[PDB]
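Colleague: So here's work23.txt (compact mmCIF, C-alpha atoms and all ligand atoms).
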# COMPACT_ATOMS: atom_id res chain seq x y z
CA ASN A 224 18.32 -45.16 -14.86
CA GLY A 225 20.65 -48.11 -15.25
CA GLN A 226 23.74 -46.07 -14.63
CA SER A 227 26.05 -46.33 -11.64
CA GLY A 228 28.15 -43.50 -13.05
CA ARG A 229 27.32 -39.88 -12.38
CA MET A 230 27.45 -36.71 -14.43
CA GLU A 231 28.04 -33.35 -12.76
CA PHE A 232 27.26 -30.14 -14.57
CA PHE A 233 28.58 -26.65 -13.86
CA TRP A 234 27.98 -23.15 -15.20
CA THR A 235 29.08 -19.52 -15.27
CA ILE A 236 27.97 -16.22 -16.70
CA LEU A 237 30.52 -15.03 -19.19
CA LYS A 238 30.45 -11.28 -19.45
CA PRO A 239 30.66 -9.50 -22.83
CA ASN A 240 34.31 -9.08 -24.00
CA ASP A 241 35.45 -11.75 -21.68
CA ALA A 242 36.61 -15.27 -22.43
CA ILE A 243 36.26 -18.77 -20.97
CA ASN A 244 39.16 -21.18 -21.18
CA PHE A 245 38.82 -24.96 -20.90
CA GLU A 246 41.64 -27.48 -20.56
CA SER A 247 41.18 -31.19 -20.10
CA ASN A 248 42.69 -34.49 -20.15
CA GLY A 249 39.67 -36.72 -19.74
CA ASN A 250 36.09 -37.08 -18.47
CA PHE A 251 35.33 -33.69 -20.01
CA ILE A 252 31.78 -33.12 -21.24
CA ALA A 253 32.29 -30.09 -23.46
CA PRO A 254 29.90 -27.23 -24.34
CA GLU A 255 28.25 -27.10 -27.77
CA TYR A 256 25.42 -24.64 -27.29
CA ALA A 257 25.22 -21.80 -24.80
CA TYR A 258 22.66 -19.07 -23.96
CA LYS A 259 22.74 -15.33 -24.73
CA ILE A 260 20.81 -13.41 -22.14
CA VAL A 261 18.85 -11.37 -24.59
CA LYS A 262 16.50 -9.51 -22.32
CA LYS A 263 16.13 -9.36 -18.56
CA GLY A 264 13.06 -8.48 -16.48
CA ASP A 265 10.49 -9.73 -13.92
CA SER A 266 9.59 -13.38 -14.13
CA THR A 267 9.24 -16.35 -11.84
CA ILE A 268 9.33 -20.14 -11.99
CA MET A 269 5.82 -21.23 -10.98
CA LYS A 270 5.20 -24.75 -9.70
CA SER A 271 1.93 -25.88 -11.25
CA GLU A 272 0.68 -29.08 -12.86
CA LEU A 273 -1.58 -27.21 -15.27
CA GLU A 274 -1.12 -26.58 -19.04
CA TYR A 275 -1.86 -23.58 -21.32
CA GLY A 276 -5.41 -22.11 -21.28
CA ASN A 277 -5.66 -19.68 -24.27
CA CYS A 278 -6.36 -16.55 -22.27
CA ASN A 279 -4.86 -13.36 -20.90
CA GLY B 1 -25.48 2.22 19.23
CA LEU B 2 -23.05 4.72 20.73
CA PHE B 3 -25.10 7.77 20.04
CA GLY B 4 -28.35 6.07 20.76
CA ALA B 5 -30.18 7.27 17.69
CA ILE B 6 -30.24 4.60 15.05
CA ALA B 7 -32.12 1.69 16.60
CA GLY B 8 -32.31 3.69 19.83
CA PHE B 9 -34.71 6.55 20.55
CA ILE B 10 -35.61 6.43 16.88
CA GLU B 11 -36.62 2.78 16.68
CA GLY B 12 -36.24 1.32 13.18
CA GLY B 13 -35.76 3.01 9.78
CA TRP B 14 -38.00 3.95 6.85
CA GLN B 15 -38.34 1.43 4.03
CA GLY B 16 -40.00 4.16 1.96
CA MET B 17 -37.14 6.66 1.90
CA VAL B 18 -35.00 5.68 -1.00
CA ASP B 19 -33.12 8.84 -2.08
CA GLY B 20 -30.77 9.11 0.91
CA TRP B 21 -29.52 7.67 4.17
CA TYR B 22 -31.03 10.29 6.42
CA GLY B 23 -34.01 12.58 6.04
CA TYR B 24 -37.44 13.69 7.06
CA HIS B 25 -41.01 12.58 7.23
CA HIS B 26 -43.43 15.48 7.55
CA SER B 27 -47.15 15.45 8.11
CA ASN B 28 -49.78 18.21 7.78
CA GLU B 29 -53.22 18.91 6.32
CA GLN B 30 -51.83 18.86 2.75
CA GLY B 31 -50.50 15.34 3.20
CA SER B 32 -47.34 13.51 4.13
CA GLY B 33 -44.10 12.38 2.51
CA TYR B 34 -40.48 11.45 2.78
CA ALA B 35 -37.53 13.65 1.87
CA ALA B 36 -33.79 12.97 2.07
CA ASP B 37 -31.45 15.56 3.58
CA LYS B 38 -29.09 15.90 0.64
CA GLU B 39 -26.26 17.59 2.49
CA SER B 40 -25.85 15.05 5.35
CA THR B 41 -26.32 12.14 2.94
CA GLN B 42 -23.62 13.55 0.66
CA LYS B 43 -21.22 14.10 3.58
CA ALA B 44 -21.82 10.52 4.65
CA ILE B 45 -21.15 9.27 1.12
CA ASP B 46 -18.05 11.44 0.87
CA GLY B 47 -16.95 10.16 4.28
CA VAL B 48 -17.40 6.46 3.64
CA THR B 49 -15.94 6.72 0.14
CA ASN B 50 -12.73 8.42 1.28
CA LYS B 51 -12.54 5.83 4.08
CA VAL B 52 -12.75 2.89 1.72
CA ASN B 53 -10.22 4.41 -0.63
CA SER B 54 -7.91 5.12 2.28
CA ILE B 55 -8.16 1.48 3.34
CA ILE B 56 -7.42 0.23 -0.21
CA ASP B 57 -4.57 2.71 -0.64
CA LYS B 58 -2.71 1.96 2.69
CA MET B 59 -2.84 -1.73 1.85
CA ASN B 60 -1.23 -0.96 -1.54
CA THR B 61 2.35 -1.83 -0.63
CA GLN B 62 2.36 -5.00 1.47
CA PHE B 63 4.37 -8.19 1.45
CA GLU B 64 4.52 -10.13 -1.83
CA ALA B 65 5.87 -13.66 -1.58
CA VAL B 66 8.47 -14.89 -4.07
CA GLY B 67 9.45 -18.39 -4.85
CA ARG B 68 12.89 -19.47 -3.94
CA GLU B 69 14.15 -23.04 -4.18
CA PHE B 70 16.61 -24.86 -1.85
CA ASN B 71 18.45 -28.19 -1.92
CA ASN B 72 18.52 -31.10 0.55
CA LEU B 73 21.24 -29.56 2.74
CA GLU B 74 19.73 -26.11 2.93
CA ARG B 75 16.91 -27.20 5.12
CA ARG B 76 17.62 -24.50 7.63
CA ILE B 77 17.38 -21.57 5.25
CA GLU B 78 14.45 -23.18 3.47
CA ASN B 79 12.63 -23.21 6.73
CA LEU B 80 13.70 -19.70 7.61
CA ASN B 81 12.43 -18.64 4.18
CA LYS B 82 9.13 -20.35 4.72
CA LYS B 83 8.47 -19.05 8.20
CA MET B 84 9.50 -15.60 7.19
CA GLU B 85 7.12 -15.49 4.23
CA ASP B 86 4.35 -17.02 6.34
CA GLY B 87 5.24 -14.57 9.03
CA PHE B 88 4.31 -11.65 6.90
CA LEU B 89 1.13 -13.25 5.50
CA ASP B 90 -0.05 -13.54 9.07
CA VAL B 91 0.78 -9.99 9.99
CA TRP B 92 -0.98 -8.56 6.94
CA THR B 93 -3.95 -10.85 7.39
CA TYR B 94 -4.21 -9.63 10.95
CA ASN B 95 -3.86 -6.07 9.77
CA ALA B 96 -6.59 -6.47 7.16
CA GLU B 97 -9.09 -8.26 9.29
CA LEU B 98 -8.70 -6.03 12.33
CA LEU B 99 -8.87 -2.92 10.16
CA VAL B 100 -12.17 -4.08 8.73
CA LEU B 101 -13.62 -4.81 12.16
CA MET B 102 -12.50 -1.54 13.72
CA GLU B 103 -13.67 0.60 10.79
CA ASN B 104 -17.02 -1.22 10.57
CA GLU B 105 -17.67 -0.10 14.13
CA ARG B 106 -16.59 3.42 13.20
CA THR B 107 -18.77 3.43 10.11
CA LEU B 108 -21.86 2.19 11.98
CA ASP B 109 -21.26 4.65 14.80
CA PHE B 110 -20.61 7.35 12.19
CA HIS B 111 -24.14 6.91 10.82
CA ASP B 112 -25.65 6.89 14.29
CA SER B 113 -23.84 10.20 14.81
CA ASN B 114 -25.18 11.63 11.60
CA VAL B 115 -28.77 10.95 12.51
CA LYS B 116 -28.47 12.34 16.04
CA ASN B 117 -26.85 15.49 14.69
CA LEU B 118 -29.59 15.93 12.05
CA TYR B 119 -32.34 15.55 14.69
CA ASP B 120 -30.46 18.04 16.89
CA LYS B 121 -30.25 20.50 13.93
CA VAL B 122 -34.06 20.52 13.90
CA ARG B 123 -34.38 20.50 17.69
CA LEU B 124 -32.33 23.62 18.27
CA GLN B 125 -34.12 25.41 15.49
CA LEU B 126 -37.70 24.81 16.71
CA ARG B 127 -37.14 24.96 20.50
CA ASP B 128 -40.49 25.60 22.23
CA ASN B 129 -42.32 26.35 18.98
CA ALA B 130 -42.63 22.55 18.73
CA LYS B 131 -42.93 19.66 21.19
CA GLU B 132 -40.31 16.90 21.40
CA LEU B 133 -42.21 13.64 21.36
CA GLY B 134 -39.37 11.36 22.22
CA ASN B 135 -39.49 9.08 19.19
CA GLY B 136 -37.64 11.22 16.63
CA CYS B 137 -40.58 13.43 15.82
CA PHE B 138 -41.59 16.99 16.52
CA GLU B 139 -45.18 18.13 16.86
CA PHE B 140 -45.58 21.78 16.00
CA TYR B 141 -47.59 24.16 18.17
CA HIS B 142 -48.40 26.09 14.97
CA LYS B 143 -49.47 25.33 11.43
CA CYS B 144 -46.46 24.51 9.25
CA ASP B 145 -47.31 24.08 5.52
CA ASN B 146 -45.25 22.56 2.71
CA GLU B 147 -43.22 25.72 2.26
CA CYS B 148 -42.50 26.04 5.98
CA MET B 149 -41.46 22.36 6.07
CA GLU B 150 -38.85 22.99 3.37
CA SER B 151 -37.46 25.95 5.37
CA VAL B 152 -36.78 23.64 8.36
CA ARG B 153 -35.14 20.95 6.24
CA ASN B 154 -32.63 23.36 4.71
CA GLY B 155 -31.75 25.61 7.64
CA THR B 156 -34.06 28.49 6.83
CA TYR B 157 -36.74 28.08 9.53
CA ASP B 158 -37.56 31.51 11.01
CA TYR B 159 -38.23 31.12 14.76
CA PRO B 160 -39.40 34.71 15.55
CA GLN B 161 -41.98 34.48 12.67
CA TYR B 162 -43.99 31.66 14.21
CA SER B 163 -43.09 32.28 17.88
CA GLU B 164 -46.19 34.38 18.40
CA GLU B 165 -48.59 31.69 17.11
CA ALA B 166 -46.94 29.01 19.24
CA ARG B 167 -47.35 30.83 22.60
CA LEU B 168 -51.07 31.32 21.84
CA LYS B 169 -51.53 27.56 21.30
CA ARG B 170 -49.65 26.58 24.51
CA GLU B 171 -52.19 28.73 26.39
CA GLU B 172 -55.15 26.75 25.03
CA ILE B 173 -53.31 23.47 25.83
CA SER B 174 -52.81 24.72 29.45
CA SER B 175 -56.62 25.27 29.78
CA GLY B 176 -56.82 21.56 28.89
CA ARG B 177 -58.87 21.85 25.61
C1 LIG A 301 37.80 -10.97 -26.48
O1 LIG A 301 37.78 -10.39 -27.80
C2 LIG A 301 37.66 -8.95 -27.82
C3 LIG A 301 37.59 -8.54 -29.28
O2 LIG A 301 38.44 -9.33 -30.11
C4 LIG A 301 38.84 -8.32 -27.08
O3 LIG A 301 38.65 -6.91 -27.02
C5 LIG A 301 39.93 -6.29 -27.24
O4 LIG A 301 40.69 -6.05 -26.09
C6 LIG A 301 42.06 -5.79 -26.42
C7 LIG A 301 42.82 -5.70 -25.12
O5 LIG A 301 43.11 -6.99 -24.60
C8 LIG A 301 42.18 -4.52 -27.27
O6 LIG A 301 43.52 -4.46 -27.74
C9 LIG A 301 44.11 -3.16 -28.05
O7 LIG A 301 43.51 -2.02 -27.48
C10 LIG A 301 44.07 -0.71 -27.89
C11 LIG A 301 43.67 -0.39 -29.32
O8 LIG A 301 42.44 0.31 -29.27
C12 LIG A 301 41.58 -0.12 -30.34
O9 LIG A 301 40.22 -0.09 -29.95
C13 LIG A 301 39.72 1.22 -29.60
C14 LIG A 301 38.31 1.09 -29.06
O10 LIG A 301 38.05 2.20 -28.20
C15 LIG A 301 39.83 2.14 -30.83
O11 LIG A 301 39.38 3.43 -30.47
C16 LIG A 301 41.31 2.17 -31.35
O12 LIG A 301 41.44 2.98 -32.52
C17 LIG A 301 41.87 0.74 -31.58
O13 LIG A 301 41.24 0.23 -32.77
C18 LIG A 301 45.61 -0.59 -27.66
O14 LIG A 301 45.87 0.02 -26.39
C19 LIG A 301 46.43 -1.96 -27.84
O15 LIG A 301 47.26 -1.93 -29.04
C20 LIG A 301 48.68 -1.92 -28.72
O16 LIG A 301 49.07 -2.77 -27.62
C21 LIG A 301 49.25 -4.21 -27.89
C22 LIG A 301 49.79 -4.89 -26.61
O17 LIG A 301 48.71 -5.13 -25.70
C23 LIG A 301 50.14 -4.42 -29.16
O18 LIG A 301 50.20 -5.80 -29.47
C24 LIG A 301 49.56 -3.60 -30.37
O19 LIG A 301 50.29 -3.82 -31.58
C25 LIG A 301 49.53 -2.13 -30.01
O20 LIG A 301 50.90 -1.76 -29.82
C26 LIG A 301 45.60 -3.30 -27.68
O21 LIG A 301 46.22 -4.32 -28.50
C27 LIG A 301 41.22 -4.55 -28.47
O22 LIG A 301 41.13 -3.26 -29.06
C28 LIG A 301 39.83 -5.01 -28.05
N1 LIG A 301 38.99 -5.20 -29.23
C29 LIG A 301 38.00 -4.37 -29.57
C30 LIG A 301 37.25 -4.72 -30.81
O23 LIG A 301 37.73 -3.38 -28.90
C31 LIG A 301 38.95 -8.89 -25.67
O24 LIG A 301 40.11 -8.39 -25.01
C32 LIG A 301 38.99 -10.41 -25.69
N2 LIG A 301 39.00 -10.92 -24.33
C33 LIG A 301 40.03 -11.59 -23.78
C34 LIG A 301 39.85 -12.01 -22.35
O25 LIG A 301 41.04 -11.87 -24.42
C1 LIG A 302 -34.94 26.58 1.71
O1 LIG A 302 -36.20 26.24 1.14
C2 LIG A 302 -37.20 27.26 1.32
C3 LIG A 302 -38.48 26.71 0.72
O2 LIG A 302 -38.43 26.67 -0.70
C4 LIG A 302 -36.76 28.59 0.70
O3 LIG A 302 -37.65 29.61 1.14
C5 LIG A 302 -38.51 30.09 0.10
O4 LIG A 302 -37.94 31.14 -0.72
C6 LIG A 302 -38.84 32.14 -1.27
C7 LIG A 302 -38.73 33.39 -0.42
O5 LIG A 302 -38.51 34.55 -1.22
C8 LIG A 302 -40.27 31.63 -1.52
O6 LIG A 302 -40.35 30.94 -2.76
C9 LIG A 302 -41.51 31.35 -3.53
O7 LIG A 302 -42.60 30.38 -3.43
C10 LIG A 302 -43.94 30.71 -4.01
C11 LIG A 302 -44.35 29.63 -5.05
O8 LIG A 302 -45.79 29.47 -5.04
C12 LIG A 302 -43.98 32.19 -4.52
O9 LIG A 302 -45.31 32.55 -4.85
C13 LIG A 302 -43.40 33.14 -3.43
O10 LIG A 302 -43.69 34.53 -3.69
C14 LIG A 302 -41.90 32.88 -3.24
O11 LIG A 302 -41.18 33.83 -4.08
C15 LIG A 302 -40.85 30.77 -0.39
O12 LIG A 302 -42.03 31.35 0.16
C16 LIG A 302 -39.82 30.56 0.71
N1 LIG A 302 -40.32 29.65 1.72
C17 LIG A 302 -40.17 29.88 3.03
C18 LIG A 302 -40.75 28.85 3.95
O13 LIG A 302 -39.59 30.87 3.46
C19 LIG A 302 -35.34 28.98 1.11
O14 LIG A 302 -34.88 30.06 0.30
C20 LIG A 302 -34.37 27.80 0.99
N2 LIG A 302 -33.06 28.16 1.52
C21 LIG A 302 -32.07 28.63 0.76
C22 LIG A 302 -30.79 28.95 1.48
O15 LIG A 302 -32.19 28.80 -0.45
Would you mind writing the file out in structure tokens?
Modeller:
Amino acid sequence: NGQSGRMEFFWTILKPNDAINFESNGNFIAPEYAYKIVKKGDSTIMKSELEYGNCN
Amino acid sequence: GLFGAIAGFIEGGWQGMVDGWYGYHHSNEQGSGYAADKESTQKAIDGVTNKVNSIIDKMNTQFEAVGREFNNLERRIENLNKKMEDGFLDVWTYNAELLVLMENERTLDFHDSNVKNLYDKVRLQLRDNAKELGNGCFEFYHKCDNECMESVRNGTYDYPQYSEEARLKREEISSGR
């Protein structure tokens, strides 16, 4: 995509009441938005080319 | 098949008996007719129904594939994941197919058994008060009306009550007509 540079992303799960500490000096790509895990349960990531069908 | 009754010494079934799997055809002066044996038919239905439910139920827990993804240097565990998941599909497929085949045999032989046993219920009731014809039928040595027919079909046939009439007939038969 026209770039010879590379971007490398990382992640962690930050428990409630815990904190995450960044320090940097360059080349940092900082967080803006993050995700609360609001509810957990059974799901899956299906691989399908299809789109939504209005059904149950 | 194994018991030699269905499509054996009784050759072919009755298109005109609709209210059961096994039963009777009777024939006397007052006519003819078909009649299911309710009790054997119900036991058969009970039997096959429990069997099918038991098959469904035992296959209830059984391997359920899950998608897992792997990167370009996890080719070995990606393969081990694939073969493993395939490994179970094959086992269960074998289990299902072979179960169907073995139980179909059992089911078909089950029915054969039910008909033999029904014939034999009649046989050991009548004894020499009737003549075994060899084709699934009995020919009485005495008159057996619609009421008497019902007694046979439901276990109530009284042998001593007709035994006298039977021995008298056998004597005429011996003279040759
Ligand atoms: C991310 O933020 C969270 C919220 O801001 C932080 O949670 C907090 O943890 C700290 C410990 O690091 C707690 O500090 C004090 O804990 C108790 C006081 O108890 C309080 O909470 C109780 C809840 O059960 C109440 O029942 C109490 O009445 C009271 O309100 C004390 O043991 C300490 O006070 C004493 O000690 C310190 C020295 O450590 C002195 O400086 C004080 O003056 C005093 O002498 C703790 O300070 C804090 O209570 C807690 N916050 C909440 C809302 O529960 C979390 O730690 C933070 N994460 C990181 C990684 O920093
Ligand atoms: C199995 O079926 C048999 C045939 O129905 C039945 O036997 C019958 O029972 C009674 C005996 O008391 C009689 O039924 C009635 O029939 C006529 C109707 O026209 C009446 O006029 C009679 O007086 C009589 O009360 C039948 O005669 C009798 N049949 C025979 C062949 O014995 C059995 O009871 C049934 N078995 C069971 C366990 O119930």
Colleague: Could the residues of chain B that have an atom at most 7 Å from ligand LIG 302 (chain A) be listed as CSV, each with its closest atom pair and the distance in Å to one decimal, counting all atoms listed in the file and ordered by chain and ascending residue number?
Modeller:
residue,atom,partner,partner_atom,distance
B:147,CA,A:LIG302,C18,4.3
B:148,CA,A:LIG302,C18,3.9
B:149,CA,A:LIG302,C18,6.9
B:150,CA,A:LIG302,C3,4.6
B:151,CA,A:LIG302,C2,4.3
B:154,CA,A:LIG302,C1,5.0
B:155,CA,A:LIG302,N2,6.8
B:156,CA,A:LIG302,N2,5.4
B:157,CA,A:LIG302,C18,6.9
Colleague: Within 8 Å of ligand LIG 301 (chain A), which residues of chain A come that close, and what is the closest atom pair and distance in Å for each? Count all atoms listed in the file and give it as CSV.
Modeller:
residue,atom,partner,partner_atom,distance
A:240,CA,A:LIG301,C1,4.7
A:241,CA,A:LIG301,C34,4.5
A:242,CA,A:LIG301,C34,4.6
A:243,CA,A:LIG301,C34,7.8
Colleague: Show me, as number ranges by chain, every residue of chain B with an atom at most 12 Å from chain A, counting all atoms listed in the file.
Modeller: B: 65-69
Colleague: Write a file of the just-selected residues containing C-alpha atoms, as an mmCIF file, in the coordinates of the input.
Modeller:
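The resulting file, part.cif, is reproduced below:
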data_model
loop_
_atom_site.group_PDB
_atom_site.id
_atom_site.type_symbol
_atom_site.label_atom_id
_atom_site.label_comp_id
_atom_site.auth_asym_id
_atom_site.auth_seq_id
_atom_site.Cartn_x
_atom_site.Cartn_y
_atom_site.Cartn_z
ATOM 1 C CA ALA B 65 5.870 -13.660 -1.580
ATOM 2 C CA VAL B 66 8.470 -14.890 -4.070
ATOM 3 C CA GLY B 67 9.450 -18.390 -4.850
ATOM 4 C CA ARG B 68 12.890 -19.470 -3.940
ATOM 5 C CA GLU B 69 14.150 -23.040 -4.180
#
Colleague: Any idea what's packed within 12 Å of segment 233-238 of chain A, counting all atoms listed in the file, ignoring anything in its chain fewer than 2 positions away? Could you give it as a list in words?
Modeller: residues 230, 231, 240, 241, 242, 243, 244, 251, 252, 253, 254, 257, 258, 259 and 260 of chain A
Colleague: Using all atoms listed in the file, collect all residues at a distance of at most 10 Å from (-8.1, -3.4, 2.0) as written in the file, then present them as a PyMOL selection string.
Modeller: chain B and resi 52-60+95-97+99-100
Colleague: Have a look at atom CA of residue 35 of chain B and atom CA of residue 110 of chain B and let me know their distance in Å, one decimal.
Modeller: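 Going from atom CA of residue 35 of chain B over to atom CA of residue 110 of chain B covers 20.8 Å.
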